[PDB]
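# Per-entry structural report
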Amino acid sequence: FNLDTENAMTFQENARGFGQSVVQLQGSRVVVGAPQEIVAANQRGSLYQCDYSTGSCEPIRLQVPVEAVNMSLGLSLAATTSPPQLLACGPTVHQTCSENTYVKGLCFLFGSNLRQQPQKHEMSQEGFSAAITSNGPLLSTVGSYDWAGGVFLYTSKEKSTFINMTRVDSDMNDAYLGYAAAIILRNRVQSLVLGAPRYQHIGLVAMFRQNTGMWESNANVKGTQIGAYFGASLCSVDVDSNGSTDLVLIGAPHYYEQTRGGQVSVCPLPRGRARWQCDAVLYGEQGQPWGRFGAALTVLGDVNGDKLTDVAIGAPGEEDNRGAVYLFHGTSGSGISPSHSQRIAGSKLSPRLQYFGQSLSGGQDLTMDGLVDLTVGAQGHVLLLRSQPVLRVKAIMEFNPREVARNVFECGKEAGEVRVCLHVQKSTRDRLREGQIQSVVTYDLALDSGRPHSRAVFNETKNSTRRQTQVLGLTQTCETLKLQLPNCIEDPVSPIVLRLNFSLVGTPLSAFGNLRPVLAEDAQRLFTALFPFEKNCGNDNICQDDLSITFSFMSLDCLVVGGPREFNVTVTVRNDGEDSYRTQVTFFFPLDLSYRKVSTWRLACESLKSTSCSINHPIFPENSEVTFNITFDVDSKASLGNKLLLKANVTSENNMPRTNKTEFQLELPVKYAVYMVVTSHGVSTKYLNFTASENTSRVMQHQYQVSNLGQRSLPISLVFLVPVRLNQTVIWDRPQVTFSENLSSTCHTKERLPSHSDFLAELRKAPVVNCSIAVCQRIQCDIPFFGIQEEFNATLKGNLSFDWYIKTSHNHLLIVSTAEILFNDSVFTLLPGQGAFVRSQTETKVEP
Amino acid sequence: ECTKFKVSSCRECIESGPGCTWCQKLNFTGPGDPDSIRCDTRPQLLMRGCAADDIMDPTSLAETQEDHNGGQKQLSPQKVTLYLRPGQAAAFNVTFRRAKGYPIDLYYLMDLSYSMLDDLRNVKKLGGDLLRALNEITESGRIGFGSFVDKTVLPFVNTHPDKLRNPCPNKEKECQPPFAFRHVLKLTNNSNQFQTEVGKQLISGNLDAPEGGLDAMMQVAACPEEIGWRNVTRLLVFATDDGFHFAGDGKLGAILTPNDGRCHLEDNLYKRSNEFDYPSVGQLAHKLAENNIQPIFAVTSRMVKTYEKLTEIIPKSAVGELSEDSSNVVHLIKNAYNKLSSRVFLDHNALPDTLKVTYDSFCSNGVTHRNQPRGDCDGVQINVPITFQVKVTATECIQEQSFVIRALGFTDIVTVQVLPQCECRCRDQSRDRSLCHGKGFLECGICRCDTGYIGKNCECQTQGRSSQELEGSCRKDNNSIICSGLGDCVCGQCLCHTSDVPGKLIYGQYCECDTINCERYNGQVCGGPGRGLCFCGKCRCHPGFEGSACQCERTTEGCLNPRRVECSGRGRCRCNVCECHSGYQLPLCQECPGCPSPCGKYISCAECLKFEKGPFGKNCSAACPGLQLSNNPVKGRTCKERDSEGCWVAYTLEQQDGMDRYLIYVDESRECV
Ligand SMILES: *[C@@H]1O[C@H](CO)[C@@H](O[C@@H]2O[C@H](CO)[C@@H](O)[C@H](O)[C@H]2NC(C)=O)[C@H](O)[C@H]1NC(C)=O
Ligand SMILES: *[C@@H]1O[C@H](CO)[C@@H](O)[C@H](O)[C@H]1NC(C)=O
Ligand SMILES: *[C@@H]1O[C@H](CO)[C@@H](O)[C@H](O)[C@H]1NC(C)=O
Ligand SMILES: *[C@@H]1O[C@H](CO)[C@@H](O)[C@H](O)[C@H]1NC(C)=O
Ligand SMILES: *[C@@H]1O[C@H](CO)[C@@H](O)[C@H](O)[C@H]1NC(C)=O
Ligand SMILES: *[C@@H]1O[C@H](CO)[C@@H](O)[C@H](O)[C@H]1NC(C)=O
Ligand SMILES: *[C@@H]1O[C@H](CO)[C@@H](O)[C@H](O)[C@H]1NC(C)=O
Ligand SMILES: *[C@@H]1O[C@H](CO)[C@@H](O)[C@H](O)[C@H]1NC(C)=O
Ligand SMILES: *[C@@H]1O[C@H](CO)[C@@H](O)[C@H](O)[C@H]1NC(C)=O
Ligand SMILES: *[C@@H]1O[C@H](CO)[C@@H](O)[C@H](O)[C@H]1NC(C)=O
Ligand SMILES: [Ca+2]
Ligand SMILES: [Ca+2]
Ligand SMILES: [Ca+2]
Ligand SMILES: [Ca+2]
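Residues numbered from 1 in each chain as written, not as in the entry; some residues may be left out. Chains lettered and ligands numbered in written order. Heavy atoms only, no water.

Its PDB record attributes the structure to cryo-EM, giving the resolution as 2.7 Å.

### Points about helix α9 (residues 281–289) of chain B
With respect to burial, α9 of chain B is a largely interior element, seven of its nine residues being buried. Three or more residues of α9 of chain B are buried, namely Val-281, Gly-282, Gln-283, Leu-284, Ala-285, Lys-287 and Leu-288 of chain B. On the buried face of α9 of chain B, the contacting elements are β18 (247–256) of chain A together with α7 (213–222), β11 (233–240), β12 (293–299) and α10 (301–313) of chain B. (Buried < 20%, exposed > 50% of the residue type's maximum accessible area, 1.4 Å probe, protein only. Helix = DSSP H or I, 4+ residues; strand = E, 2+ residues; numbered from the N terminus. Contact = heavy atoms within 4.5 Å.)

### Concerning the coordination of the calcium ion (ligand 12)
Residue and element names in this part refer to chain A. Taken together, the protein ligands of the calcium ion (ligand 12) are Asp-302 (OD), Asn-304 (OD1), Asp-306 (OD), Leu-308 (O), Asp-310 (OD) and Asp-310 (OD), with distances of 2.3 to 3.2 Å. Bound by six donor atoms, the calcium ion (ligand 12) shows angles of 52 to 161° at the metal and therefore irregular coordination geometry. Sequence spacing of the donors to the calcium ion (ligand 12): D-x1-N-x1-D-x1-L-x1-D. Both residues of the pair, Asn-304 and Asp-310, belong to the buried class. (Donors = N, O, S within 2.8 Å, 3.2 Å for Na, K, Ca; no water. Tetrahedral: all angles 85-135°; square planar, octahedral: opposite > 155°, others 65-115°.)

### A word on empty space enclosed by the protein
Empty pockets left among the atoms are what a rolling probe the size of a water molecule brings to light. All names here are of chain B. Of the voids in this model, the largest cavity is the one considered here, and its volume is about 80 Å³. Taken together, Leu-214, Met-217, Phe-238, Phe-244, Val-281, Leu-284, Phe-297, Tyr-307, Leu-310 and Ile-314 make up the lining of the largest cavity. Those elements giving two or more residues to the lining of the largest cavity turn out to be α7, α9 and α10. Taken together, the residues of the lining of the largest cavity break down into 10 nonpolar, no polar and no charged. (1 Å grid on protein atoms, 1.4 Å probe; cavity = no way out; pocket = protein on both sides within 12 Å on 5 of 7 lines; lining within 4 Å. Points joined across faces, edges and corners; volume = space filled by probe spheres on them. Nonpolar A, V, L, I, M, F, W, Y, C, P; charged D, E, K, R; others polar.)

### Quick notes on the coordination of the calcium ion (ligand 14)
Residues and elements named next belong to chain B. Protein coordination of the calcium ion (ligand 14) is provided by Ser-115 (O), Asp-118 (OD), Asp-118 (OD), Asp-119 (OD) and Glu-324 (O), with donor distances spanning 2.6 to 3.2 Å. All donors to the calcium ion (ligand 14) come from one chain, and their sequence spacing reads S-x2-D-D-x204-E. Of this pair, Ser-115 sits in the loop between β8 (104–111) and α3 (117–123) while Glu-324 is found in the loop between β13 (318–321) and α11 (329–342), placing the two residues 209 residues apart along the sequence.

### A short note on the interface of chain B and chain A
In this assembly, 52 residues from chain B lie in contact with 57 residues from chain A. The junction of chain B with chain A conceals about 5,000 Å² of combined surface from both sides, 60% of it contributed by carbon and sulfur atoms. Area buried by chain B at its contact with chain A is led by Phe-246, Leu-252 and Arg-520 of chain B, which between them contribute 13% of it. Here chain B and chain A share four salt bridges between them. The residue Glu-847 of chain A makes a salt bridge to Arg-642 of chain B at a minimum N-O spacing of 3.3 Å. The interface formed by chain B and chain A contains 19 residue pairs in polar contact. Secondary-structure elements contributing two or more residues to the side of chain B that touches chain A are α9, α10 and β28 (520–521) of chain B. (Buried area = accessible area lost by both parts, 1.4 Å probe. Salt bridge = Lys/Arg side-chain N within 4 Å of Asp/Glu carboxyl O. Polar contact = N/O pair within 3.5 Å; in protein donor to acceptor, adjacent residues only side chain to side chain.)

### Side note on the packing of aromatic side chains
Using the criterion set out here, one finds 42 aromatic pairs over all chains in the structure. Measuring from centroid to centroid gives 6.4 Å for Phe-108 of chain A and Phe-110 of chain A, while their planes differ by 50°, and the two rings are tilted. Ring centres 5.9 Å apart and planes at 35° place the aromatic pair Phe-297 of chain B and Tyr-307 of chain B in the tilted group. Note that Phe-297 of chain B is positioned in strand β12 and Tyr-307 of chain B in helix α10, a separation of 10 residues in sequence. Taken together through their ring pairs, the aromatic side chains of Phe-128, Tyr-176, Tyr-179 and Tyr-229 of chain A together with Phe-148, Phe-238, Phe-244, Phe-246, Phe-297 and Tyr-307 of chain B make up a single cluster. The positively charged end of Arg-260 of chain A is found above the aromatic ring belonging to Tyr-283 of chain A, 4.0 Å away from the centroid. The aromatic ring of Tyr-278 of chain B is capped on one face by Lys-151 of chain B, whose charged end is 4.3 Å from the ring centroid. (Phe/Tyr/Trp six-rings, centres within 6.5 Å; stacked < 30°, edge-to-face > 60°. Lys NZ or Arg CZ within 6 Å of the ring centre and 35° of its normal.)

### Things to note about the domain arrangement of chain A
Assigned domains within chain A: domain 1 (1–390), domain 2 (391–538), domain 3 (539–670) and domain 4 (671–848). Here the C-alpha centroids of domain 1 of chain A and domain 4 of chain A sit 56 Å apart. (Domains from an automatic or database assignment.)

### Thoughts on the sheet that holds strand β32 (residues 439–447) of chain A
All names here are of chain A. Across the sheet, which stays open at both edges, the four strands sit in the order β34-β32-β36-β38 with antiparallel pairing between neighbours. Of all the strands in the sheet, just β34 (465–472) and β38 (526–531) have a single pairing partner and so form its edges. Taking each pair of neighbouring strands and ignoring which way they run, the sheet shows an average axis angle of 20°. Relative to strand β36 (residues 496–506), β32 runs antiparallel, the two sharing nine bridges. Its bridge partner being in β36, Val-441 is matched across the sheet by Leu-504. (Pairing = 2+ DSSP bridges. Axes fitted to C-alpha atoms, helices over the stretch in contact; angles between N-to-C directions.)

### Describing the nonpolar core
For soluble globular proteins, the rule of thumb is that nonpolar side chains tend to be buried together. With 79 residues, the main nonpolar core has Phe-567, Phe-628, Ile-630, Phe-632, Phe-720 and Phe-792 of chain A as its most contacted residues. No other element matches the six residues that strand β54 (residues 714–725) of chain A contributes to this core. If you count residues domain by domain, this core takes at least three from each of domain 3 (539–670) and domain 4 (671–848) of chain A. Among the nonpolar cores identified, the runner-up in size contains 46 residues, and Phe-128 and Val-142 of chain A together with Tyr-107 and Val-299 of chain B belong to it. (Core = buried A, V, L, I, M, F, W, Y, C linked by side-chain atoms within 4.5 Å.)

### A word on the site of ligand 1
All names here are of chain A. Within the structure, ligand 1 sits among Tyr-145, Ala-148, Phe-162, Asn-164, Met-165, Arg-167 and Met-172. Contacts to ligand 1 include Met-165, whose backbone N or O atom sits 3.0 Å from a nitrogen atom. Alone, ligand 1 offers 580 Å² of accessible surface; in the complex the protein occludes 46% of this. Looking at side-chain class alone, the shell around ligand 1 contains five nonpolar, one polar and one charged residues. (Near = heavy atom within 4 Å. Areas by Shrake-Rupley, 256 points an atom, 1.4 Å probe, with all protein chains shown as cover.)

### Quick notes on the UniProt feature "binding site: Ca(2+) 1" in chain A
All names here are of chain A. Residues annotated by UniProt as "binding site: Ca(2+) 1" correspond here to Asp-238, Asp-240, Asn-242 and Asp-246. Position of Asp-238 relative to the elements: it lies in the loop between β17 (234–237) and β18. On the basis of relative accessibility, which here comes to 22%, the residue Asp-238 falls in the partly exposed class. Contact partners of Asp-238, with chain neighbours within four places excluded, come to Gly-243, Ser-244, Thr-245, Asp-246 and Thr-309. Only 3.4 Å separates the side chain of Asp-238 from the backbone nitrogen of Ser-244, close enough to count as a polar contact. If you trace the backbone, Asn-242 turns up in the loop between β17 and β18. (UniProt positions renumbered as here; feature names shortened; annotations may be inferred.)

### Considering the UniProt feature "disulfide bond" in chain A
Here the bond UniProt gives for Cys-421 of chain A and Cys-478 of chain A does not hold up, since the two sulfurs are 3.4 Å apart. When you line up the elements, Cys-478 of chain A lands in strand β35 (residues 477–485). (Disulfide = S-S within 2.5 Å.)

### What to know about the state of the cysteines
Going through the model one piece at a time under the given rule, you end up with 28 disulfides over all chains. Disulfide pairing places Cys-496 of chain B opposite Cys-511 of chain B at an S-S distance of 2.0 Å. With a gap of 15 residues between them, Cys-496 of chain B in strand β25 (residues 493–496) and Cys-511 of chain B in the loop between β26 (506–507) and β27 (513–514) connect regions that are remote in the sequence. Like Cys-496 of chain B, the residue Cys-511 of chain B is buried in the burial classification. With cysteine numbering restricted to those in disulfides and following the sequence, chain A has the pairing 1-2, 3-6, 4-5. With no disulfide of its own, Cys-267 of chain A has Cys-278 of chain A as its nearest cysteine by sulfur position, at a separation of 3.5 Å. The closest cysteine sulfur to the non-disulfide-bonded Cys-489 of chain B is located on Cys-483 of chain B, 3.5 Å from its own sulfur. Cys-489 of chain B gets classed as buried once you look at its relative accessible area, which sits at 3%.

This is the structure:
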């Protein structure tokens with residue numbers, strides 16, 4: 001598939017540890033670390049900058065300090081392309097002090113020239129993993145605070161800030177936080193993800209955010225199996241390329257199963273205040289125990305040419321430690337596909353490769369062909385798996401005439417004509433010139449594929465099959481080949497069918513180093529075209545029909561996405577004039593819907609996406625009418641917009657023009673289901689005594705706790721009704737609404753008069769004291785964004801006024817305040833039954 | 001029921017389903033009936049006219065071979081053979097019996113970190129007790145000793161020349177330099193050798209908080225001859241008070257070569273320890289399994305919960321709370337041995353996915369498990385037979401092959417030979433050839449034809465054209481197209497075409513059924529091969545699935561809370577998903593948000609029960625139906641209201657299974673206004 005191995009460029013070096021870590025640099029340069037090559041006294045580890053043009057590597061003339069380093073330099077590397085920066089760190093600097101030999105990190109930052117560079121809590125190994133932020137390098141200390149972990153973020157060589165978790169009862173000891181690090185972009189604001197492969201013994205990965213200047217850990221996930229070593233490698237993936245991170249990949253290379261070793265998991269970014277959780281797990285091939293799948297992670301950009309970021313994953317333990325590398329595509333649903341697209345095996349490359357796939361680097365083009373290149377590390381070898389351009393073939397079969405003449409088939413020299421057009425296209429964009437890409441394609445044409453004794457044969461082979469090969473450029477090419485019918489046909493019920501299936505072989509590019517094009521793995525390799533016989537439903541005339549379609553969401557007012565999950569529409573199709581052959585109805589509908597069933601004719605159906613239903617193949621009689629219930633399934637997490645536009649139009653083999661009634665569209669309102677519960681809380685002052693000797697001011701509070709238990713974030717308008725005056729005497733003085741969750745909102749107050757004038761008798765009838773016995777104020781608070789699964793304590797506070805107390809027959813009275821959550825009914829709704837809890841009341845009882 | 005894809009020969013009926021049967025009588029088929037009628041469900045065959053001697057399923061069966069002279073056979077039969085059938089599982093009863101007198105080999109592998117000083121002090125005077133306690137179970141026991149600290153490299157230990165000489169934190173004390181593994185004592189039945197060789201050991205220490213003993217156990221498994229294992233019960237006591245290093249930790253010490261599991265012992269020391277990483281937990285677990293070595297994780301209280309997780313990876317391993325000074329080693333060993341011997345896991349060696357070996361377990365003490373992935377039983381007594389119903393389903397008509405069933409922890413195995421019973425043993429071949437028009441030959445009542453002839457009785461030659469009178473009979477009614485337009489009539493039967501579109505088989509008597517026309521779930525017909533198959537508008541599910549498209553399971557139900565009741569008694573569940581009434585939420589209906597607190601209206605109930613007041617006019621028992629008072633505090637909603645006497649009743653309302661029933665606990669310290 002896409003990554004090349006037949007002509008893979010290889011670097012050799014007798015340096016010990018060469019190929020342990022690789023990073024790409026702008027242009028055609030790769031920096032490879034050799035963390036065990038000894039070059040001087042107390043000096044191990046040197047950089048090797050490798051060039052595609054020179055075909056070799058020479059050491060970077062670095063001026064290592066003299067402080068008895070043994071840096072193991074090249075064990076960790078980092079780089080950025082704009083501005084040109086590259087970071088090399090030596091995690092293990094053996095500082096032989098008077099009593100102990102501590103291990104610290106030393107860090108080199110380079111610009112466009114690798115000539116001179118700056119070099120600037122023990123046991124920290126400061127440069128174990130490295131990243132370059134938009135303000136400077138980011139260094140990870142796996143050993144800070146008894147191997148708990150942490151990172152240093154650098155704005156300048158003099159100023160840096162330490163980032164880590166809060167300490168809780170030594171649960172984070174030995175976790176190795178910073179064993180991997182990554183950068184996640186949130187609205188182009190820098191944010192951090194860190195991994196702890198040893199956390200407890202199961203592993204942990206966390207997100208760090210810059211919440212109002214400070215760095216805080218908001219979410220984290222944990223591993224399942226002991227010793228699976230969850231969190232060894234991290235890889236932030238921006239699948240959609242919108243400028244914001246979507247997923248974080250967490251590798252567990254030592255996950256143990258009976259026939260598998262190692263796993264990686266997908267953890268999409270949490271939304272709002274929701275908890276961070278995994279949703280998928282990836283695995284290597286079966287029968288490869290201890291494969292260490294997930295030891296290396298990298299971003300390859302868009303490899304297949306579909307604007308979705310793809311990942312490669314290293315498996316250096318496979319096939320007796322000769323290793324493999326796995327390519328996974330990103331999916332359009334902001335996910336990663338559960339199965340690998342390619343496996344590269346060290347055996348197929350060279351017998352000399354050991355630990356193949358221990359290191360990966362991708363993101364830039366080194367071959368200057370315009371395609372991202374992946375560089376892979378091995379013990380003493382480095383290979384350049386150049387991404388091959390992806391070719392897709394579009395085949396157009398156009399029979400001439402469009403239909404088989406009646407006299408040609410009705411009861412061996414009878415003949416026809418077909419034009420086959422093969423058009424090769426690039427899915428990717430690159431710098432290759434026109435005419436450079438040459439491909440060799442071979443294809444097979446089959447007339448009546450799937451049937452014995454085919455009804456037609458080709459002219460140039462005199463049988464029902466033809467194989468042809470040619471060298472094709474990147475442009476439209478066509479060839480016309482005649483057809484023959486060896487016999488008359490007395491059962492013209494089904495067309496002659498032509499099948500085309502092909503295989504494409506790409507010629508190596510001589511200029512760019514024997515690079516070959518590759519046919520896409522998901523490309524349509526089988527093409528079918530129908531050569532229909534002429535109809536005779538008339539006085540030898542051509543067939544025609546007046547087919548029409550109408551449908552309605554009968555007895556349905558609005559479509560609720562959150563329930564019910566299935567809806568069906570009474571589609572009716574009518575035919576007039578003459579019989580219609582092979583009537584198919586295509587339904588075009590938003591991507592979030594899916595098709596389930598068709599009921600009531602031999603009616604069968606197959607699956608903006610489309611769905612074609614076969615209305616009683618092959619024929620649909622005169623003046624006939626058919627009604628059926630096309631049943632759709634609505635996604636629970638769907639987003640169809642304000643209205644959903646179902647569009648269906650009918651087609652027939654007659655190919656009649658598009659009359660206005662052959663197409664029908666009817667928008668229905670979309671009203672998203674929400675489920676909001678408002679309840680009083682026990683801390684509310686539910687009871688009070690009675691006070692009539694003199695008026696008093698006593699504070700009481702009613703907390704109408706609000707929750708969003710659905711799956712939609714919505715704007716809400718929340719209203720309290722609070723008594724303020726009875727019998728020209730105030731019951732409340734100043735009701736002040738308050739929110740404890742600091743969410744953005746504004747509040748105002750309005751006063752309205754009581755609905756009944758019978759406050760002298762209503763108290764006698766019932767002891768209720770609400771806005772029908774007293775003047776009440778209306779506090780309305782507008783919230784523009786109430787998110788998913790978030791709660792806030794809407795509380796009311798103010799001083800009660802005993803200026804109206806009535807000594808009625810009942811020895812108690814009830815002050816009642818009601819809070820109801822208003823929402824835009826044009827878009828949002830509650831579910832039946834459970835929707836009675838949108839409003840709530842709290843009563844403060846006053847009696848002896 | 002017997003669902004048949006256009007079957008036309010005897011063995012095809014067996015391939016086509018688990019419940020299908022073939023019949024051999026010649027009268028079973030008329031001129032207008034296709035040979036596929038031979039294959040159907042057994043009662044329909046009996047109804048149509050087949051007989052118990054004319055029918056041939058053929059049932060999957062087993063043969064058991066045993067030795068009469070062999071006494072106290074721990075695992076029988078010695079070997080079995082299975083004439084397996086696709087879909088129809090064979091069953092056979094493997095019997096296990098705990099034997100007496102099997103000796104024990106005990107190897108003691110211990111952490112020598114500084115926190116293990118007192119434990120090492122106690123252990124060095126324990127050899128005789130361990131050997132005698134081994135003899136108290138079975139005679140002729142043996143003991144050993146082994147020691148580990150950690151890799152001799154940073155960060156795991158500091159590499160300063162002074163500290164390498166003396167790594168233990170107390171500078172004054174005399175301690176041995178760090179080492180990965182040292183084999184101390186040969187497996188012997190002499191206590192003097194144990195008390196001598198162990199007594200030369202000295203304490204040590206590393207810098208990191210975990211230790212390396214996973215690579216020590218990996219060497220204790222890799223060196224059989226040096227350790228001295230017999231072909232007997234082998235025990236490996238592992239005594240640690242803290243966590244372990246495992247694979248991946250070596251990158252901090254610039255170590256990246258995997259541990260290879262070979263015997264690297266040289267002069268009783270694991271030299272070359274720094275050129276290999278630590279092993280993974282899967283390396284140790286797998287390697288101990290292929291040598292019948294049973295780990296006994298003697299770990300301290302804080303580490304017990306961590307080490308329990310190893311037992312999910314390592315069967316035939318036990319974990320016990322080790323004291324801070326290893327005083328309870330003998331009792332822990334005996335309890336672990338009893339747990340290991342009573343917990344008889346019975347599992348096979350790996351086999352092709354075409355075999356779905358499954359176990360039913362009729363364990364001893366009244367417990368029974370069904371369709372378990374591996375045999376499971378506990379409390380296996382001595383000389384008390386136990387029965388495991390091994391259920392083996394094929395789906396392939398496999399080629400003659402073999403696998404091994406083994407009682408884990410024991411050398412005894414069961415060889416299983418497996419053979420395709422899909423061939424037919426019909427005796428009809430002795431009939432005269434006149435029935436086949438003198439061209440073919442008759443078996444199972446169907447005239448099988450050679451390459452030159454075709455048809456039910458070989459009447460139609462392959463060269464001759466199809467007769468129109470035969471083609472006209474392949475129609476359901478006057479309006480039906482010939483073979484429904486998806487096939488051709490060959491000697492009176494529709495030869496179906498094949499479709500270039502993926503997965504569309506065409507079949508049925510008149511070539512009228514397609515396997516793609518059933519209604520879809522998640523965009524796939526019947527949920528794809530993983531849920532069911534389509535038979536022209538009807539979906540048949542595999543066991544464990546139901547519904548119109550096999551989208552609904554009938555097993556491993558998510559409806560059931562751990563109390564074994566559907567949706568906590570307050571909701572039906574159609575298709576494995578609970579449906580609720582009122583403001584109750586998915587999935588187990590355990591809690592109701594939004595519904596106001598009912599505490600204020602149950603005051604009429606709490607006023608009576610805890611205080612034992614008489615009837616409130618209406619009787620108290622009828623006043624509070626469906627509620628119980630607990631003699632112990634319960635967890636849930638807390639509430640406080642005012643009673644009829646003006647006193648604060650502070651009580652909690654824990655909801656329990658059913659509709660409108662709770663538990664109430666009321667504070668006795670009543671306070672009144
Ligand atoms: C995260 O880092 C902070 C400091 O940035 C650590 O806080 C120190 O913890 C040690 C532990 O004994 C204390 O002695 C220090 O007094 C603490 N310093 C401050 C400023 O509070 C914290 O322990 C680290 N947590 C983890 C999990 O690594
Ligand atoms: C540095 O590395 C050399 C080469 O192995 C070694 O001999 C020397 O002891 C090391 N020095 C320190 C301080 O680790
Ligand atoms: C087309 O398909 C047939 C059957 O799968 C295959 O034999 C043939 O090689 C294919 N054609 C090409 C050009 O590969
Ligand atoms: C159509 O929808 C209704 C309402 O959900 C459902 O009861 C019915 O079974 C569906 N199918 C048909 C054929 O009516
Ligand atoms: C289609 O479904 C509606 C309700 O969804 C039902 O009233 C109607 O009878 C159904 N149509 C048929 C043909 O079953
Ligand atoms: C039917 O609708 C589709 C929707 O894109 C359109 O392309 C097509 O031209 C319409 N008419 C026919 C006859 O298919
Ligand atoms: C006020 O209280 C009365 C009596 O309980 C009740 O009927 C009414 O709905 C309440 N609200 C208003 C706005 O009157
Ligand atoms: C509301 O207040 C109560 C008591 O102060 C508290 O227990 C609860 O958590 C608060 N609500 C939220 C959403 O935090
Ligand atoms: C309400 O009472 C509180 C405390 O009794 C007092 O501080 C406050 O001034 C009073 N008035 C208002 C408007 O809050
Ligand atoms: C195995 O024994 C059980 C009784 O323990 C019995 O029910 C079962 O039928 C036996 N298995 C076979 C295949 O007979
Ligand atoms: Ca994004
Ligand atoms: Ca892609
Ligand atoms: Ca390139
Ligand atoms: Ca101790």
